[PDB]
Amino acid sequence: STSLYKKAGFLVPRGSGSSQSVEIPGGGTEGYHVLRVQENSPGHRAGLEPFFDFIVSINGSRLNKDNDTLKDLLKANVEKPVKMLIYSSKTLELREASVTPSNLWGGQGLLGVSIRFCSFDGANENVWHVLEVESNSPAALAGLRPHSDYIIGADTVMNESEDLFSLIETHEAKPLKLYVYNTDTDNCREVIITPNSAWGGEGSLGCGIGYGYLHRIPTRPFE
């Protein structure tokens, strides 16, 4: 036609919009999003992968939940192996992992895993890539680092966003917490940021943001 554009095929990660929720024992679409995994933790030993793994079931019990079931089941099996059903937003697959909650490892908690109850449906898209970072910018002082860091969420209520920017204006002085994935550590951490549109530079954070296929958390070539 008159269009100066046409179509071409490109390689994209499997973790994309071909979803598909095939198929969750228990039927749900929600679970516990594995965020930070402390080192030498039970969660680490079980091979739990930050951002990519979702805890779907423990000892056969489905977690359509955000309650205290998981917490209580871990506490009741406090030094025994418990079987977990894990969903990967990377492989789009379910796998069984053995994990032994414990107080005897040197960290915090029984698994040493920071989690959040959310849906894994299209979670691999909802990523904000930190691009350039100005000196003395809010992002810099908060701990955000260029290109290595990926913003994957915040602490949010009442019913609000799935999208990042809709928070930056809300906390125009009120401090803000961010869930940040780093591609070197392959792990999540919390970042305290103080949005300031008057900080004397770019935007309210002083950093660039990438969204989309060019700005996703990297994936290995093979399962």
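For every residue, the number given is its place in the sequence shown, counted from 1.
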With respect to the recorded C-alpha B factors, which stretch has the higher mean value, 162-170 or 33-41? 162-170
Which has the higher mean CA temperature factor in the PDB entry, 119-127 or 73-81? 119-127
Sorting 53, 155, 186, 68 by Cα temperature factor from the record, which one lands on top? 155
Looking only at 212, 208, 9, 25, the Cα with the top B-factor belongs to 25
Residue 197, C-alpha B-factor rank within chain (lowest, middle or highest third): highest
Quick check for you: using the entry's CA B-factors within this chain, is residue 148 in the lowest, middle or highest third? lowest
Within this chain's modelled residues, let me know which third the CA B factor of residue 135 belongs to: lowest, middle or highest. middle
Sorting the chain's modelled residues by C-alpha B-factor, tell me whether residue 57 ends up in the lowest, middle or highest third. middle
C-alpha B factor of residue 108, ranked within the chain: lowest, middle or highest third? highest
